[PDB]
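Read through the structure below, which is laid out as structure tokens, and then see the notes.
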Amino acid sequence: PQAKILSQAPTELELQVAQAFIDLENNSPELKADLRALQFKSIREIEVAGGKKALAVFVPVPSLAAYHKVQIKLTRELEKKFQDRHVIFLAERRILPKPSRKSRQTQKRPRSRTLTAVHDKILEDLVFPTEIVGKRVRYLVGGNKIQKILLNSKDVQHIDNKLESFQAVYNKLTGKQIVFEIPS
Amino acid sequence: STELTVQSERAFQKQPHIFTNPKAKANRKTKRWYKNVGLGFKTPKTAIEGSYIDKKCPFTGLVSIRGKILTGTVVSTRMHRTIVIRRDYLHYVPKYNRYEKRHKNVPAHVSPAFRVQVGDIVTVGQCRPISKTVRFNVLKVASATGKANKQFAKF
Amino acid sequence: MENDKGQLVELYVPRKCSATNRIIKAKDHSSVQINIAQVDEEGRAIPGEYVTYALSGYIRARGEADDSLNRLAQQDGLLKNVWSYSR
Amino acid sequence: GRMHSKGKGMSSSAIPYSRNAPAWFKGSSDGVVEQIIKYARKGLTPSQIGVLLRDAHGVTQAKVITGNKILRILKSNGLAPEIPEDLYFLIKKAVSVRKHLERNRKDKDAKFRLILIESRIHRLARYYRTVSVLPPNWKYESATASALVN
Amino acid sequence: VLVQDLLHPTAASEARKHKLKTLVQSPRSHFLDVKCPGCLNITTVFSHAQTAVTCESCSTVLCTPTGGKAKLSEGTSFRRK
Amino acid sequence: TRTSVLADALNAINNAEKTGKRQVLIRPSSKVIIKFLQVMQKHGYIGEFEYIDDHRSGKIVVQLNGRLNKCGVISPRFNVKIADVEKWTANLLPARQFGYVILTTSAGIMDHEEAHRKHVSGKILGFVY
RNA sequence: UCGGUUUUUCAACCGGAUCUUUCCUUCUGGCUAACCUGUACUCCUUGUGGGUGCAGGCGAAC
Ligand SMILES: [Mg+2]
Ligand SMILES: [Mg+2]
Ligand SMILES: [Zn+2]
């Protein structure tokens, strides 16, 4: 059963993903029941330099905790199956624009639906098993901001060679330049 | 303001030249005359349905709203059928390149179509002189309930 | 500075301290020029060829002249890890 | 740099960077919430509860684990007191001072201190009224204050 | 002096500096896994207690409060979390 | 009380420059401050600056080349009325050729020249040269 | 080109429309300018150069 774990189901990549997920149910106790209550809000594949193409797999939001609980093993499995590529579990978040001084008051905008917050959330999602420590924001003499994200000395082996890919994904999403760092 | 009774003083209080023919019996029994003030303002349902009188009401009376339309916070309700409106503004002193905080109280007339407490912000329209100091008539009360919905803290 | 007909006015263009970028004045009897000679193979120190550093009087007066000099050296490679950027 | 003395100190708790739950901590947010509720029932102020959580259990900050601050949680359950905690404490302190004064009259330093306390209380009261935590007419006096305390 | 990297300083220097006055604020305190000499139970005691923390099963008093860092009850053995 | 943050930042920068330092540590950090810094950067009075995230207010590390000889906020943000900009310029700036009066307009934060070009004015902020 | 005047190679500078998870107050209607059209397909260099032309319908043109 493929089209039932998709919210709404067009496209072929999505179908493939669903199939993969279904297949992954044959690991049994660790990867069932928890996998059975999961869905997507579509999948976008992003081109990365080198030849690799990352997989932004968009996800409801109340479902996210479950995904987090499951994630790493599942991700690994996906990678193994869908060779060469990296799989990133990002939550689909709303974003509501700034109430312009002319516009109609559509009841107070929640601060989770502010753009910056959304971006932060996305960032958090992106590096999942690794927590984010410090954030720096380099304002260059040329006139362009480069964000600098610092991560733990732990967990890094989960994240390994994906950093460039992650950066690319971020760029695709927001349009902001990212650099990842590990201080020790 | 009115506050109860309606037919409460020495003279019978009726809308002038409004006739309620006591032969062919009507649905309302007594005919009520009203008008919309215009300028985009709305005549309230309290004015149409009500039993109160007022010559100095902008909806049910004889005064006409024209000229300046001001806004400000209510300071005093105490005197019957009228109000006092505070109207804070900044006076620019040019020598010091800065602003004085200033005052000016506007006494205004309150149609019994409104519930007005001290501290409510009120839109007031200019009309024909009504008393010694009053030139203005309350058109819209903006502070509707305040916190009359959930006054008590217990969820 | 520059005249409309292109050509320069400005009687002399002043030296700026290589450490602060701040201008050295004409009666700055405290400022200094350090000449550090270009070295060759077998040492030998190449004649009439050197790296020059201007230091304003102010820095010298303060005391953090030496440190500045060291820093300057370790960006043209005249010293090898004497001055560290992270202190 | 302090509100009633010449004191200039900077002693304070410094909250860590990560909003996320600490990696070593297991348990559940629900469990934490339950514990908090129990504490409230027993009859403790938010701060005390927080302290307890920090000490006996693995709770760093309640907002870090549950998603909500302790006071909010209390409110949700219907346990947040008639008077906010700090204000109550201040009132209690004032009452003690007053009692002391009643006993011995020549203590001028004590009297001075009392004034300060009163001022502080007034400030707090004003704040609360603005925020509408207290009913917008609530005043602090002497007998009334004592009653409130007790 | 004059020229510094203010962003990433030496670790030792940072350690020396007061909490708060560091580049980013972080606690100097930590949490502890406390083993009571009797029963096999592990309690997570914060290093700067204030309260006289007992084991959840038996009243033994693991830590006594002091000015800063709390003092452990001798028979007890800890491990940093 | 820290009444003005921008002012504090500017003062710190000035202090750093006068003593000859090549970097500052600004401590409260705002949008406005950042904007101000950007203007300076654009005009070349400042090097690369970076914003440390504290998860509270912020903290800016600013690199100074040495060209900036004075910052300075003009504090009670006076409402400058297009024809009035000139007077301000005459007052604050050391010459008629260079230097910038930074003023917050509804079109954004910019130097006075930019404002003139755009034909906008608003409240004054500070000045740089 | 008959001391002035038109474009390109180019610039910085000031705008406008958009598309980017983006509404810019919303409709009850008037004119739907226009083709998103395609109803006969061709006045016609071998063509998608070009327009007599009206049922579904983009409305910002008021
Ligand atoms: Mg202080
Ligand atoms: Mg004081
Ligand atoms: Zn034991």
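Positions of Cβ are backbone-derived with ideal geometry, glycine not excepted, and every protein chain shown enters the neighbour counts. Numbers and lists here come from the model and the stated rules, or from a named source; no laboratory read-out is quoted.
State whether one or more residues within the stretch D:51-58 are aliphatic (A, V, I, L, M), in contact (Cβ under 8 Å) with a residue 12 or more places away in the chain and within 14 Å of chain E (Cβ to nearest Cβ). The answer is yes, given that some residue of the stretch D:51-58 is aliphatic (A, V, I, L, M), in contact (Cβ under 8 Å) with a residue 12 or more places away in the chain and within 14 Å of chain E (Cβ to nearest Cβ).
Annotation: E:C63 fulfils all but one of (1) away from ligand 3 (no atom under 16 Å from the Cβ); (2) over 26 Å from D:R19 (Cα atoms); (3) not polar (S, T, N, Q); the unmet one is (1). Which residue, of D:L74, D:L79, is within 22 Å of B:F152 (Cα to Cα), in contact (Cβ under 8 Å) with a residue 24 or more places away in the chain, among the hydrophobic types (A, V, I, L, M, F, W, C) and surrounded by fewer than 20 Cβ atoms within 10 Å (Cβ to Cβ)? Only one candidate qualifies: D:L79. Taking the stretch E:9-48 as the range and being within 30 Å of C:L72 (Cβ to Cβ) and either within 14 Å of chain D (Cβ to nearest Cβ) or free of Cβ contacts under 8 Å to residues at least 12 places away in the same chain (or both) as the test, the residues that pass are E:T10, E:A11, E:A12, E:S13, E:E14, E:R16, E:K17, E:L23. Take D:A80 and tell me if it is assigned to a helix (DSSP H, G or I), away from chain E (no Cβ under 14 Å), away from ligand 3 (no atom under 16 Å from the Cβ) and in contact with a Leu (Cβ under 6 Å, 6 or more places away or on another chain). No.
Is it the case, given these coordinates, that D:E85 is farther than 14 Å from D:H4 by Cβ and surrounded by fewer than 15 Cβ atoms within 10 Å (Cβ to Cβ)? Answer is no for this residue. Taking the stretch F:6-105 as the region of interest, the strands (runs of 3 or more DSSP E) fully inside it that hold 2 or more residues being within 14 Å of chain C (Cβ to nearest Cβ) are F:23-26, F:59-63. Take E:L20 and decide whether it is of a type in the set (A, V, I, L, M, F, W, C), at negative phi and more than 16 Å from RNA strand G (Cβ to nearest atom). No: the conditions fail for E:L20. Taking the stretch C:59-87 as the range and being in contact (Cβ under 8 Å) with a residue 40 or more places away in the chain and within 13 Å of chain E (Cβ to nearest Cβ) as the test, the residues that pass are C:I59, C:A65, C:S68, C:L69, C:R71, C:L72.
The set of residues from the stretch E:49-69 being part of a loop (DSSP other than H, G, I, E, B), within 9 Å of chain D (Cβ to nearest Cβ) and either surrounded by 18 or more Cβ atoms within 10 Å (Cβ to Cβ) or within 16 Å of ligand 1 (Cβ to nearest atom) (or both) comprises E:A49, E:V53. Consider the stretch D:122-138 and keep the residues that are polar (S, T, N, Q) and outside any helix (DSSP H, G or I). The one that is nearest to the other protein chains (Cβ to nearest Cβ) is D:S132. Mind checking whether some residue in the stretch B:34-42 is within 13 Å of the chain's Cα centre (by Cα) and not in a strand (DSSP E or B)? Yes, the stretch B:34-42 contains at least one residue that is within 13 Å of the chain's Cα centre (by Cα) and not in a strand (DSSP E or B).
Comparison of F:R77, F:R96, F:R56, F:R117 shows that the only residue that is surrounded by fewer than 19 Cβ atoms within 10 Å (Cβ to Cβ) and under 15 Å from the mean Cα position of the chain (by Cα) is F:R77. State which residue is farthest from B:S76 (Cα to Cα) when the search covers only the stretch B:1-45 and only residues that are surrounded by 10 or more Cβ atoms within 10 Å (Cβ to Cβ) and among the aliphatic types (A, V, I, L, M). Looking at residues that are surrounded by 10 or more Cβ atoms within 10 Å (Cβ to Cβ) and among the aliphatic types (A, V, I, L, M), I get B:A26. When A:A91 is tested against (1) away from chain F (no Cβ under 14 Å); (2) over 26 Å from A:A66 (Cα atoms), just one condition goes unmet, and that condition is (2). A:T75 meets the stated requirement of being under 24 Å from A:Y170 (Cα atoms), crowded, with 19+ Cβ neighbours inside 10 Å and of a type outside the set (D, E). Do we find a residue being out of contact with any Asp or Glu (no Cβ under 6 Å at 6 or more places or on another chain), among the basic types (K, R) and surrounded by 14 or more Cβ atoms within 10 Å (Cβ to Cβ) anywhere in the stretch A:132-140? Scanning the stretch A:132-140, I find no residue that is out of contact with any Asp or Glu (no Cβ under 6 Å at 6 or more places or on another chain), among the basic types (K, R) and surrounded by 14 or more Cβ atoms within 10 Å (Cβ to Cβ), so the answer is no.
Within the option set A:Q147, A:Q105, A:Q83, A:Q167, being in a loop (DSSP other than H, G, I, E, B), more than 16 Å from ligand 3 (Cβ to nearest atom) and either within 14 Å of chain F (Cβ to nearest Cβ) or more than 30 Å from A:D34 (Cβ to Cβ) (or both) holds for one residue only, A:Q105. For the stretch C:61-78, filtered to residues that are among the aliphatic types (A, V, I, L, M) and part of a helix (DSSP H, G or I), the residue that is nearest to C:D28 (Cα to Cα) is C:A61. Within the stretch D:1-15, residues that are within 8 Å of another protein chain (Cβ to nearest Cβ) and away from RNA strand G (no atom under 16 Å from the Cβ) have Cβ atoms under 6 Å from residues that are assigned to a loop (DSSP other than H, G, I, E, B) and among the charged types (D, E, K, R) in these pairs: D:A14/E:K19, counting only partners at least 6 apart in sequence or on another chain. The sole residue among D:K63, D:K69, D:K75 that is touching a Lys or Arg at 6+ places or on another chain (Cβ under 6 Å), outside the structural domain of D:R129 (by CATH), within 30 Å of D:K139 (Cα to Cα) and more than 16 Å from ligand 1 (Cβ to nearest atom) is D:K69. When C:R71, C:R87, C:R44, C:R62 are checked against the criterion of being surrounded by 11 or more Cβ atoms within 10 Å (Cβ to Cβ), basic (K, R) and over 19 Å from C:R15 (Cβ atoms), C:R87 stands alone in meeting it.
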